[PDB]
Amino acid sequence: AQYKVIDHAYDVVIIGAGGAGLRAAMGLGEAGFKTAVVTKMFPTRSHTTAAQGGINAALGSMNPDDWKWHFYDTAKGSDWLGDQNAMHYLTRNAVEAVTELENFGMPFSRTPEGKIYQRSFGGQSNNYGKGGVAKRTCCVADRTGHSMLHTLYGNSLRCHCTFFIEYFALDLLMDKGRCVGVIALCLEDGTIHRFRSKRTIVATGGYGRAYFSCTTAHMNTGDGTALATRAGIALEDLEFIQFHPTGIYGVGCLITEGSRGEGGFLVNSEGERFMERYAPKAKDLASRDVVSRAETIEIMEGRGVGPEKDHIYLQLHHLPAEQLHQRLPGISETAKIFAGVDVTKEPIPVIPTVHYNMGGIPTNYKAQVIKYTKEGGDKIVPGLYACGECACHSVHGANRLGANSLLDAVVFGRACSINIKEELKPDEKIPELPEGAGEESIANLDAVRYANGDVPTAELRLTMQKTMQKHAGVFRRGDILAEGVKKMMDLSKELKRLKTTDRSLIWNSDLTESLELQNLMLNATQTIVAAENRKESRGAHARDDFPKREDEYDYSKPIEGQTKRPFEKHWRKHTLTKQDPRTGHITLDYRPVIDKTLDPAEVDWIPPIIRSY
């Protein structure tokens, strides 16, 4: 078939228009850079808009607080797979970057002294663990995410961006390991577009649709990390999928951890406030790995609830009806719509569901995409940048801390623009395009457009979701994994036999979902083989066959004269899957975890310990 192709040149091009999408689009537009923001849906529709319990900063609006305590909660929360330095930049710039958002127009809920309302959340504490449960989570009550994306989008309208609304990012454009831009199908008229740009930013969100039951949006098909895999990058830490504790039993749409830090709790079949046993101190407000686990143990050890005894209860009815309205209005409501549940009088049916993807496109604290060989450290892919869910600076490690995600979005968004001003120097002109670049991205589009196999696209997505659901869930076994891996590769195979019906370009819904189906498969497979190989339990990745966390030392005993296990023998290292996209072979490799802060004088590094809550 015949195709129209189009060319623009920009200083920087952004794939993604969500939280990090825009916050960087803000800095760069304002810095007077010719900016194009390519997004595959009107930016409001983006997933950030769906966020709830708030965004963390040590604002001190409920009690004195120190950004350093927040730091500590982040290192711990990450079960030390977190990059000490990357986590630093996040924790340090928090109070500013949240503050900034207020200045921007964000109608935060308010304290009687006219300050930003903060609220407790999963797995935070005052004074480096010692003190009580912390209150750092600033929020627009129950729909923080909604308000963040909406301010950002607004405030981005005064920063001179060229918005490319509903355009589908096919592939990055390469030239000798340097990203010179991006290629997308225009949804509206059906053209194809090439953007030559000096830098390119990937902030595409996560891939929570690789599982069967999740809290992610239908557009969370993990397309960026697909481009990254396709561009010959390894991805990082894919095996760490974070299971949110409280997802509505039926559909699985989120009920905030807010409901917990606000004073609510989980309950089993007996009536027991069970979290007390699985964690004595921080209880219903332990990290979301510990808790989602606890639930699944309670479920499987009989004490489940309802008709099939297969989920637990989130009980909020014991809480003052006033504060329940003025602090949780949307969940209060989506509970009535979906569970058909009155929150003031009954509990919500909840079950851990696939939520956030710590894993993604690897970077340094400067938010630049890296390829790591063992011989010559991490070398930077020229002029490629990533942030938000889809990146892995690993600030989250093995377990993203509740509400460090919109912080991570905005902070490293901001960071992109700050860091690109300092390094792109405008002597360097807009790159030329390699003889017919991404003529193959346009090819793979023709093949899927007129796809004619025996297996529909609908049908492939379902089993891939289901197999992921069984073989990669909360608790996993060396064989039950190996067993998924096989079923999994069998699908990347089944991809040739793909079947679509719609032959159009003008808003081909079908065609684009099939492109997505491609992109997920890349994520999925990788996830499961990365998981299949990690023989330790850490953060959100728990093997029944290796319950232990496999560090250098055993951090249960003094350490004085213990021989440091070599890099090849322990598990404190980032998984790093390198997938060949046409066969779908995946080789592994393991990058060391960064343990130095940004400046050891400002804050001293935090050494590992036995992770209890």
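One rule holds for the numbers: they count along the sequence shown, beginning at 1.
Look up the CA B-factors in the entry and say which stretch, 339-347 or 98-106, has the higher mean. Higher mean C-alpha B-factor: 339-347.
Which of 270-278 and 72-80 has higher mean CA B factor, as the PDB entry lists it: Stretch with the higher mean C-alpha B-factor: 270-278.
Out of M41, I559, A51, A58, which one has a C-alpha B factor higher than all the others in the entry? Among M41, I559, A51, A58, the highest C-alpha B-factor in the entry belongs to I559.
Taking the values straight from the PDB record, which of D408, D142, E375, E239 has the highest C-alpha temperature factor? That would be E375, according to the entry.
Within this chain's modelled residues, let me know which third the CA B factor of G306 belongs to: lowest, middle or highest. Its C-alpha B-factor belongs to the highest third of this chain's values.
Looking at the temperature factor on the CA atom of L149, which third of the chain's modelled residues does it land in? For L149, whose C-alpha B-factor we compare with every modelled residue in the chain, the answer is the lowest third.
If you rank every modelled residue in this chain by C-alpha B factor, which third holds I594: lowest, middle or highest? Top third by C-alpha B-factor.
Considering only modelled residues of the same chain, in which third does the CA B-factor of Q326 rank: lowest, middle or highest? It belongs to the middle third of the chain when residues are ordered by C-alpha B-factor.
Comparing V13 with the other modelled residues of its chain, is its CA B-factor in the lowest, middle or highest third? Bottom third by C-alpha B-factor.
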